[PDB]
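Peer 1: Have a look at the structure that comes next, please.
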Amino acid sequence: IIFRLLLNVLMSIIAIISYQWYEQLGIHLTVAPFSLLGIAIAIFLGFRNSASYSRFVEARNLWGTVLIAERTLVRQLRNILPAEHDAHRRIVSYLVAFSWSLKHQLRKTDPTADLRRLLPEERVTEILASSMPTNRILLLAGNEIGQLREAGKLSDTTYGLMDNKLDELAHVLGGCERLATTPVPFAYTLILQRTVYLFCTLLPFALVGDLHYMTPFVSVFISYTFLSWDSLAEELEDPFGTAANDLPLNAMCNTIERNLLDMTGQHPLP
Amino acid sequence: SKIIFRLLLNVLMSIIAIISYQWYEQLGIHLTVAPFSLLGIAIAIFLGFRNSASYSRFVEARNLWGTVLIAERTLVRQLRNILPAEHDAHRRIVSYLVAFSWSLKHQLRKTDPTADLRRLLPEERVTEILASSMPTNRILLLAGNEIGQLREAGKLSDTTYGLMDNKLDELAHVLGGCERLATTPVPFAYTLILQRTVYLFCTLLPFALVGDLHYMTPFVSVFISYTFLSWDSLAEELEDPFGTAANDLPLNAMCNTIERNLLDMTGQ
Amino acid sequence: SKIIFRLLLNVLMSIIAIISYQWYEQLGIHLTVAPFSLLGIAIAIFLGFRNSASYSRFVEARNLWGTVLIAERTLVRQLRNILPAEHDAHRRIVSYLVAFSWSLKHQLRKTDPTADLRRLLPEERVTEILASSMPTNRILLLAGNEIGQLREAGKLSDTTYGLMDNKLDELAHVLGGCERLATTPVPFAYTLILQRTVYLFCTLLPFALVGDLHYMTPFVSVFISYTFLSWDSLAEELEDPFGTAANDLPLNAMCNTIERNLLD
Amino acid sequence: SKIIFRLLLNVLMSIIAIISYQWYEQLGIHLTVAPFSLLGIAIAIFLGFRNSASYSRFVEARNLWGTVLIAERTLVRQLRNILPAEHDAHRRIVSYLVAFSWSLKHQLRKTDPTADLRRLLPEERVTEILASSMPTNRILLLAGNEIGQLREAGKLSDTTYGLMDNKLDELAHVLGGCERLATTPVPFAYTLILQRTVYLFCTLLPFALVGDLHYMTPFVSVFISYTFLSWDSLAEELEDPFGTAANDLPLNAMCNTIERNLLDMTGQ
Amino acid sequence: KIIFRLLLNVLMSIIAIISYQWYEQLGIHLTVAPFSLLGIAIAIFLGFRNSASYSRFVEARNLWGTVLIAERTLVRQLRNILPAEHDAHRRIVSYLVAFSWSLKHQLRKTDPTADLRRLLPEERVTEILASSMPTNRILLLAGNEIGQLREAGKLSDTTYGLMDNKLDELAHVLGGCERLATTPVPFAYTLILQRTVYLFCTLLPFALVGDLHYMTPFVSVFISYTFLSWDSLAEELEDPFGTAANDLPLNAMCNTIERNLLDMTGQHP
Ligand SMILES: [Zn+2]
Ligand SMILES: [Zn+2]
Ligand SMILES: [Zn+2]
Ligand SMILES: [Zn+2]
Ligand SMILES: [Zn+2]
Ligand SMILES: [Zn+2]
Ligand SMILES: [Zn+2]
Ligand SMILES: [Zn+2]
Ligand SMILES: [Zn+2]
Ligand SMILES: [Zn+2]
Ligand SMILES: [Zn+2]
Ligand SMILES: [Zn+2]
Ligand SMILES: [Zn+2]
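Residue numbers (PDB author numbering), protein chains in the order written: chain E, 24 to 293; chain A, 22 to 289; chain B, 22 to 285; chain D, 22 to 289; chain C, 23 to 291.
Encoded structure:
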């Protein structure tokens, strides 16, 4: 990815050799048109990166919500039903399974190992048999809260109170799904990039007349700026993508798992 | 896309510029990139904002359909958790929800939903739905009738009824939101003004440049024009979210997803 | 609208510049483009942001009316699902909700809502409503009176009463929001800076463009003028979305749509 | 406002730049336009973003007060619909709400609220409230006390008590919101950055413009200065939305409207 | 510390002035117009980024306000619904205050043991310090007070709901501040950005010098002051929980909250 900076620092060299056998032909290149084009592209990059950042933020918010919902849900389970600890274990397993399964869903990885670690094989087989595993997990948690309801351990009021949290989690799932099926531009988001590329490659060809052989330095500077901003944009557009960062999601799933364990007395150890 | 018309027309004007540059002093006419830069800058800025609007709105449509999926899922989930034995009810309400999805899709797309409705629901109900001048809202009303029936039966308390009714509300905010998007577009005096200015600017910019560029104008003028037009475009696409075009929302696939999801949660 | 006038104006100013250009020499006036480029780009930016704010106001107003339709719909639906056999209260409540929509429309469009109220409600409480300084809110209080008259003696429990009350508050938030957008506008430094700032820039512009544009000059000055005037003007009507202009909200159509929906 | 006392100054800096223009090379100082175009554009952008923040702050305030009006309206409405015979509660709670509006308004305006309280409330509770360092919150507490008495009296079920408590939450969020906007101020730095960067830029501009504009320097300099200073002064009271200046929130009018409304919604 | 590299680019401007015919000998030329373009782009990017940072600051402050609000309404409900259970008022309040301080320390990455021991009995403090999220544990303990309050019939499930909603508000606050703490602005943003501003500011005089001559350092220091100030302000806003000048007075907010909860329970400091 330093390859294009390099690439045509070399166009800045070809630019100069190119500048020299010159005016026999009609080619001329001033700075003012590429300044206009460059400002326009900069503006477009500004807006675009803004949208990308907005997507990133929304993802981080949704996952934050996961953590929050699962914490409050477990808290409620402890405050309302302080004695039902096998239900605690199960429901917590389900929430943690929801988190991991979600990560694996967004990252197109296999959730099988994490599920098999957290849940009994019958319910793991069922969830993996489904094409929408995470929703099946939520459904199963719901089944647990409902079982607590028909047993008379939960009134419908407090059942409501926990159902609200499961809603929160559902909204999250849907939101992350929408953000994953995205982005919305049908690979036009790409189109701009090659516009930036062609602009950065033709730029030293237009500065050369004025900057002479300071050209590679100024051109690699400007190219660095635009290209870096573009790549930042593309990585923000794709928070759950193939070339995205492992740390957000993994730490979030670990964080919540730890939290839940700690809340349920499974932590800490005797 | 259609964008080849802008670029080749611009090439041709660029050529007219090349050949007719020698007749500028004799008419008096000469041109500076300087004023043109100002113009194209103010335009670049406007386009940016107008695309903020278009994108925001596109996104809002995606959000709404997302809310369909979420609300229906949770509604079925609640039905299972509260009334796990009422499977007939389950599949009645499911059928209405899927019908709501399809009818919504059909409405935003101006297609006859009679076939899908009669595929999901018994004929009497289809009649009730098509009798209304607002079929999708009456679909909500019929799902609401089922939930209500469950309430009067005593199977649902007013609390749990309320819990489900909230989901019906979410669905209603969806229907309204989609209708509002459908009928209220981004004021396209935006698209009017911007199209005029951008077009005139792209046809005038080989004339904004010519003297300076010569043998290298179709390449640079096309490059600039293309940038503005490929950019001016992201409105074409980000404002037909309910259209059938390749770039609009795959409402067919979304509805399929919803139906498959609600049938997955009911064992069929 | 009258943009054309101020465009024509630019054009005459432009010809003046054309005939006066090298008499700048005899007057000691030199004017290059670069400072006007700066000023014009700053103005463009500012016009960009203001326009964005306007559009936002427009969008939220629209949303508030969308919320009207949605709240009233669900409220009726709840009435038919919880109390399917009390059509009496249903027609009363619906007539109130519709009178609410029209009264609100007339309130934001400064107009007399008497006729439509009479058309939708019985004379007695049309006089009660017109007696109030805030009719729309009075209408809401009446619809609430209907629902309370449904809680009182057993048909609605507290819970389901809550379910309908919530929707009445959705509506009340709409009322408050619309009042906020209508009563408190944008702070009138808004074209109170952008009016001459933009036209003064557009009329002084050909004086600086004549140097280099020479003969082709007015075309470009009317072009730039068109752009800035047309954008500062798109703020014209997006800032008053309850206004009567073309790009303002078709509130009349929206109410019709609302009561068509409730009467179906 | 007193912005013209910066325009006259600018005209003086312009005439000084005119009379000193070609001691420039005789002093060794050269000033082209391009760096001031760059600098001016950057400043313009930053001004645009700052002014945006300011605008959004003012709007937030407006929304807050709108929420006060709404929440109080709905609270009184609920009181009349749930407890139509309890005109005592109507009276005392409405007084408490109006008192909340005024207390908040005086709190934001840094004025004494006691006259309005004595006008609206009996004195033992007024002294109670004035004794507390957070009076407004205390007024919410008291309103809550009465809704709580209605609950314990069995006139309100826990459900209905919840339905009004949600309105007290709405009001509390408002109080916390206004307190936030007032105590937490704007990040000042934007103002120290733009005040001197704009002022300095406006005064230094004619020295870089005199070269090419010559005698036309004061007009163009005072114009550009007028634009940047007018945009900066457009911000000035928006980042302080609770101020007494003419172009900020009519909190008097708003609180009069509120009291007017709550008395209209009770029959006075 | 902006004065350090203000002086530096002043010095680098002096390096440009006192000197440079070297390119003319060398063949290297540098005009303003390309640096104008680059400077405008950078200015745009700085604008957007600063805007985002500000948004983050505003989010933080908003969240803390929500702490104060949620706690207030929680105490209010506790007084209005259970006026006689005053020991519970004091305990729950001490929990809410402990929550505020522990959150402060959590965002500041400091030890909350002193403030915990100040507000809570040693057993609870020990129970809390063992948790991976002490604030969460605090919420869980307050909830246990409210839940205990539910099971001897002192609160109905509905009213227990009403308060639990406030605990959910608080938990949303916690999750959001946690997210603003763990979510740095992506480094790639300042990696490009601020280095690009420093480099732009130090290279600018070399390009301004050909047209400005001896005026270079004044225009260069002006521009550098602008860009660096704007940038620095953005830095400052991105870390709203830091001890730096432009950042949240979490101490002031915490004792404002404590004074408030003490005000509402008739108690004095
Ligand atoms: Zn446990
Ligand atoms: Zn642990
Ligand atoms: Zn939902
Ligand atoms: Zn079933
Ligand atoms: Zn609603
Ligand atoms: Zn009926
Ligand atoms: Zn001429
Ligand atoms: Zn409300
Ligand atoms: Zn009364
Ligand atoms: Zn009495
Ligand atoms: Zn709250
Ligand atoms: Zn107490
Ligand atoms: Zn929550």
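Built from N, CA and C at the ideal position, the CB exists for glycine as well.
(1) 7 Å is my cut-off, CB to CB: does B:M237 come that close to chain A?
(2) Would you check whether ligand 1 has a heavy atom nearer than 6 Å to the C-beta of E:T287?
(3) Check each candidate in D:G61, D:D133, D:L215, D:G87 and name the one with the smallest Cα separation from D:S254.
(4) According to a CB-to-CB cut-off of less than 8 Å, which residues of the segment 149-162 of chain C neighbour chain E?
(5) So the candidates are B:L230, B:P156, B:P206, B:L226; which of them puts its Cα closest to the Cα of B:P262?
(6) Taking Cβ-Cβ distances shorter than 9 Å, what residues in chain D pair up with B:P206?
(7) Starting from A:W252, find everything on chain E with Cβ-Cβ shorter than 7 Å and list it in chain order.
(8) At the 7 Å Cβ level, is E:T135 part of the contact set with chain C, yes or no?
(9) Where do the N-terminal and C-terminal ends of the alpha helix (DSSP H) with A:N268 fall, by residue?
(10) Contact criterion: CB-CB distance below 7 Å. Does D:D233 meet it with respect to chain C?
(11) Among residues of its own chain, excluding the 5 on either side of D:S246, which ones have a beta-carbon nearer than 6 Å to its beta-carbon?
(12) Please classify E:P293: is it buried, with 16 or more other beta-carbons within 10 angstroms of its beta-carbon, or exposed?
(13) Is A:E260 near ligand 8, with its Cβ less than 6 Å from a heavy atom?
(14) If the criterion is Cβ atoms closer than 7 Å, does the pair D:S75 and D:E260 meet it?
(15) Give a yes or no on whether 7 Å exceeds the smallest Cβ distance from C:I91 to chain E.
(16) Return helix, strand or coil for B:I40, following the three-state DSSP convention.
(17) Can you name the start and end residues of the alpha helix (DSSP H) that E:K188 belongs to?
(18) Between the Cα of A:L192 and those of A:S242, A:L118, A:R78, spot the shortest distance and give me the residue it belongs to.
(19) Starting from C:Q99, find everything on chain D with Cβ-Cβ shorter than 8 Å and list it in chain order.
(20) Which residues, in chain order, sit with a beta-carbon under 5 Å away from any heavy atom of ligand 11?
(21) Between the C-alpha atoms of A:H111 and A:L141, what's the straight-line distance to the nearest angstrom?
(22) Where does C:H51 sit, in a helix, a strand or coil, going by DSSP?
(23) Please tell me whether, using a cut-off of 6 Å, the distance from the CB of E:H108 to the nearest non-hydrogen atom of ligand 1 is below it.
(24) Report all residues from its chain with a CB closer than 7 Å to the CB of E:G165; omit the five preceding and five following residues, and keep chain order.
(25) Is any beta-carbon of chain D found at less than 7 Å from that of C:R71?
(26) Can we count D:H194 as close to ligand 12, meaning its CB is less than 6 Å from some heavy atom?
(27) What does a CB cutoff of less than 7 Å around B:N282 pick up in its chain, not counting 5 residues either side in sequence?
(28) So B:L226 and B:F57 are supposed to be a Cβ contact under 8 Å. How far apart are they, rounded?
(29) With C-beta atoms as the reference, is A:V147 less than 7 Å away from A:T287?
(30) For E:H290, does the three-state DSSP call read helix, strand or coil?
(31) Do E:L250 and E:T238 have their CB atoms nearer than 7 Å?
(32) Starting from C:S154 and walking both ways along the alpha helix (DSSP H), at which residues does that stretch end?
(33) So which residues of chain E does A:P143 contact, with C-beta pairs closer than 8 Å?
(34) Is there a Cβ of chain E sitting closer than 7 Å to that of A:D285, yes or no?
Peer 2: Reading off the structure:
(1) Under the 7 Å criterion on CB atoms, B:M237 is classed as interfacial with respect to chain A.
(2) Distance from the C-beta of E:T287 to the nearest heavy atom of ligand 1 is below 6 Å.
(3) Residue D:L215 is the option with its Cα nearest to D:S254.
(4) Close to chain E, meaning a Cβ-Cβ distance shorter than 8 Å, are the following residues of the segment 149-162 of chain C: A152, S153, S154, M155, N158, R159, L161, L162.
(5) Ranked by Cα distance from B:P262, the first of B:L230, B:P156, B:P206, B:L226 is B:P206.
(6) In chain order: nothing, as chain D lies at least about 10 Å away.
(7) Within chain E, the residues whose beta carbon sits less than 7 Å from that of A:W252 are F67, listed in sequence order.
(8) It does not; no Cβ of chain C falls within 7 Å.
(9) For A:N268, there is no enclosing alpha helix (DSSP H), as DSSP marks it with neither H nor E.
(10) Taking CB atoms only, D:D233 has no neighbour in chain C less than 7 Å away.
(11) Excluding sequence neighbours, D:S246 sits near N31, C223.
(12) Burial call: exposed.
(13) Relative to ligand 8, even the nearest heavy atom lies 6 Å or more away from the CB of A:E260.
(14) Going by C-beta atoms, D:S75 is nearer than 7 Å to D:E260.
(15) Not closer than 7 Å to any Cβ of chain E, the Cβ of C:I91 fails to qualify, so no.
(16) The answer is helix: DSSP assigns B:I40 an H, G or I state.
(17) From DSSP, the alpha helix (DSSP H) with E:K188 extends over 179-204.
(18) The residue with the shortest Cα to Cα distance from A:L192 is A:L118.
(19) Within 8 Å Cβ-Cβ: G165, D186.
(20) Residues with a Cβ closer than 5 Å to any heavy atom of ligand 11, in chain order: D:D190, C:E191.
(21) If you take the alpha carbons of A:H111 and A:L141, they lie about 13 Å apart.
(22) The three-state secondary structure of C:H51, taken from DSSP, is coil.
(23) Closer than 6 Å to some heavy atom of ligand 1: that describes the Cβ of E:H108.
(24) These residues qualify, in order along the chain: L189.
(25) Closer than 7 Å: no.
(26) No - ligand 12 has no heavy atom lying nearer than 6 Å to the Cβ of D:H194.
(27) Closer than 7 Å at Cβ, skipping near neighbours: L90, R94.
(28) The distance from the Cβ of B:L226 to that of B:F57 is about 6 Å, consistent with a contact at the 8 Å cut-off.
(29) No; because the gap between Cβ atoms is not below 7 Å, this pair is not in contact.
(30) Reduced to three states, the DSSP call for E:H290 is coil.
(31) Between E:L250 and E:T238, the gap from beta carbon to beta carbon reaches 7 Å or more.
(32) Annotation: C:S154 is outside any alpha helix (DSSP H) and is labelled neither H nor E by DSSP.
(33) Per Cβ cutoff of 8 Å: no residues; A:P143 is ~27 Å from chain E at best.
(34) So, interface residue.
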